[PDB]
Amino acid sequence: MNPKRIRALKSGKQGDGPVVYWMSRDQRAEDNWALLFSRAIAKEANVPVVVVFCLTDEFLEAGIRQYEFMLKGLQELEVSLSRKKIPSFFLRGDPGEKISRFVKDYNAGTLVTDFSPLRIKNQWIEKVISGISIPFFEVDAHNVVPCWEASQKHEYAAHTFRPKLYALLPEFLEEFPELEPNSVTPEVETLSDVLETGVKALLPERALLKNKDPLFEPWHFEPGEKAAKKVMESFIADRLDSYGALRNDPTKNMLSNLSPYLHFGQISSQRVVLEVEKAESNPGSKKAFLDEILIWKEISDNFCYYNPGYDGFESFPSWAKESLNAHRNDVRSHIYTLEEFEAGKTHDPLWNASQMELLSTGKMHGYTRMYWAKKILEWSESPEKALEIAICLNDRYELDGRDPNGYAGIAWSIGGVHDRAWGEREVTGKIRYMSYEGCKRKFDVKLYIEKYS
Ligand SMILES: Cc1cc2nc3c(=O)[nH]c(=O)nc-3n(C[C@H](O)[C@H](O)[C@H](O)COP(=O)(O)OP(=O)(O)OC[C@H]3O[C@@H](n4cnc5c(N)ncnc54)[C@H](O)[C@@H]3O)c2cc1C
């Protein structure tokens, strides 16, 4: 176990009680460095290890599609942890008041949590640190290389972060040891009841069409840690060979579809890299997939970690902020509201079809996501309004929303983060421009539109 994967958030006196794992971002039993580190510390202290998940009050800022996917994965996760003699306690309320109360009530000795660069995660840490007296650690179980170890500053481009990540691969890209069960079973409600009351409070704000029927289709992605492995095996055996040539074709389902499992942490990205690296397929397709799940994925955590205002206009590069400021007073072709973008009532059938896929499946195609966000910038009153509309529609209907990948992706499409300066156009400026005629020459837009009516 590499000691570089774990950071110390707060020092203090260690108690004689069970080591608590505050699971937030990585909801899985296998390939969880934070869970493995908690077990190792528990073994050395001759005490059991426990897992504590907090059902925060911000679940109403999302939809049922993200609430059911996460909770139904925990129901399978609770059974798996119980088979390892590891109890799980699901708390409802503020993490600042629930974690600090659980530590005091159960005489916790050491508190461990997974790493997350999001602002909401840092808000909870500030509350938890102020109310605990036991050692506090955090472990990066999401990225293959720890976020603080890949780079010590903000990487403005992928070609500068790629050499730093690949050079650290021989040290951190390794196999996961078996999660040892607890020696004995140690000494706040049913998840089924939490899902029933949670959905009931989310029914009035459910996405529906004119016929009062739901828009979301839950049969596309089955939640759970077992289902994530089945999808990963399907991609390597069926879609990995043609991934490098059909990644930019929205009409073909040639993607891995691992993001909803990678977002909630139901499957480890390092596990996906290990299986792909030992798989024999097209070298140009493996390189394309490795560049997306390692470079572009972990650079999204580098963006949110080394930029506090990652969701603001100030995190954009200097060239993009000056170019957008020089085209603020340009007459936009169209100005749509948030309700018009949400309902897909624009003049672009390609953009509307992209939005419908977001509403129905909850996972828009990787290529169309770049087009869907750049048209928001072109059809908004200001770049600040484009950021809010893109972030809102992303975190609300994307099954992988509220993730550093989304914020880095939105900042790339609107502010050109991790991008270069292109030809200077009106309104958009030097930000990379994507046209409807450009997509027609790239893929069959007629089939993509006709699929999502
Ligand atoms: C405007 C916009 C919004 C986005 N919204 C989200 C979002 O809400 N949540 C989210 O997790 N990702 C988001 N992304 C990144 C990307 O679109 C998705 O991660 C990708 O579509 C995931 O689906 P997939 O696994 O089938 O694609 P794949 O090509 O099979 O990629 C597999 C994994 O590689 C990573 N990856 C691939 N492409 C990217 C990328 N462009 N940026 C970062 N990581 C990547 C992801 O971890 C992904 O799960 C967004 C990108 C843009 C441009």
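Quick note: residue numbers are just sequence positions, from 1. For ligands, and for the atoms within them, numbers begin at 1 and follow the listed sequence.
For the pair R119 and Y310, the cation sits on the ring face: its NZ or CZ lies under 6.0 Å from the ring centre, inside 45° of the axis. Geometrically, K121 engages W22 in a cation-pi contact defined by less than 6.0 Å to the ring centre and at most 45° from the axis.
For the ligand labelled ligand 1, residue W296 lies inside the 4.0 Å heavy-atom shell. Residue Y243 places a heavy atom less than 4.0 Å from ligand 1. Distances from ligand 1 to the non-hydrogen atoms of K363 include at least one value under 4.0 Å. At least one heavy atom of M370 sits under 4.0 Å from some atom of ligand 1.
For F289, every heavy-atom contact with ligand 1 shorter than 4.0 Å involves the side chain, none the backbone. Only the side chain of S413 comes within 4.0 Å of ligand 1, counting heavy atoms alone; its backbone N, CA, C and O stay farther away. Residue contacts with ligand 1 for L262 involve side-chain atoms from C-beta outward but no N, CA, C or O (heavy atoms, distance under 4.0 Å).
Looking at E292 next to ligand 1, an N or O pair under 3.5 Å apart turns up. At under 3.5 Å, not a single nitrogen or oxygen of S300, backbone or side chain, sits near a nitrogen or oxygen of ligand 1. Of the N or O atoms in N257, one or more lie within a sub-3.5 Å distance of an N or O in ligand 1.
Evaluation of the salt bridge (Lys or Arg N to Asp or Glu O under 4.0 Å) rule for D400 yields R369 as partners, not counting sequence neighbours. Scored by the side-chain contact (heavy atoms from CB on, under 4.5 Å) test, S354 finds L350, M364, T368, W372, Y448 as partners (sequence neighbours excluded).
Other residues, nucleotides and ligands contribute more than 12 heavy atoms inside 6.0 Å of the CD atom of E174.
Here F216 contributes atom CZ and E68 contributes atom CD; the two are 8.5 Å apart, rounded to the nearest 0.5 Å.
Below 30°, between 30° and 60°, or above 60°: for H418 and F303 the angle between ring planes is above 60°, a perpendicular geometry. Taking the six-membered ring where the residue is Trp, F115 and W148 present perpendicular rings, their angle passing 60° and hence far from 30°.
In the vicinity of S259, heavy-atom distances shorter than 4.0 Å reach the ligand 1 atoms 22 (C), 23 (O), 25 (O), 49 (O). Here is the list of ligand 1 atoms found below 4.0 Å of a heavy atom in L258: 25 (O). Numbered from 1 in the order shown, with element, the atoms of ligand 1 that lie under 4.0 Å from a heavy atom of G409 read 51 (C), 52 (C), 53 (C). Set against the non-hydrogen atoms of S256, the atoms of ligand 1 under 4.0 Å away are 25 (O), 26 (O), 28 (P), 30 (O), 32 (C). Short contacts between ligand 1 and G366, defined as distances under 4.0 Å to a heavy atom of the residue, involve ligand atoms 21 (O). Under a 4.0 Å criterion applied to the non-hydrogen atoms of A373, ligand 1 contributes the atoms 1 (C). Close approach of ligand 1 to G401 (heavy-atom distance below 4.0 Å) involves ligand atoms 8 (O).
Within the set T368, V272, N394, the minimum heavy-atom distance to atom 3 (C) of ligand 1 is found for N394.
Remark: of the listed residues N302, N143, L294, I299, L294 is the sole one forming a side-chain contact (heavy atoms from CB on, under 4.5 Å) with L165.
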Requested in this report: Let me see the working for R402 and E58 under salt bridge (charged side-chain N to carboxylate O under 4.0 Å, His left out), right down to the final yes or no.
Outcome: CA-CA 11 Å; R402 298 161 308 171; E58 289 77 25; over 6 Å; no
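Between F69 and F221, a ring centre-to-centre spacing not shorter than 6.0 Å is recorded.
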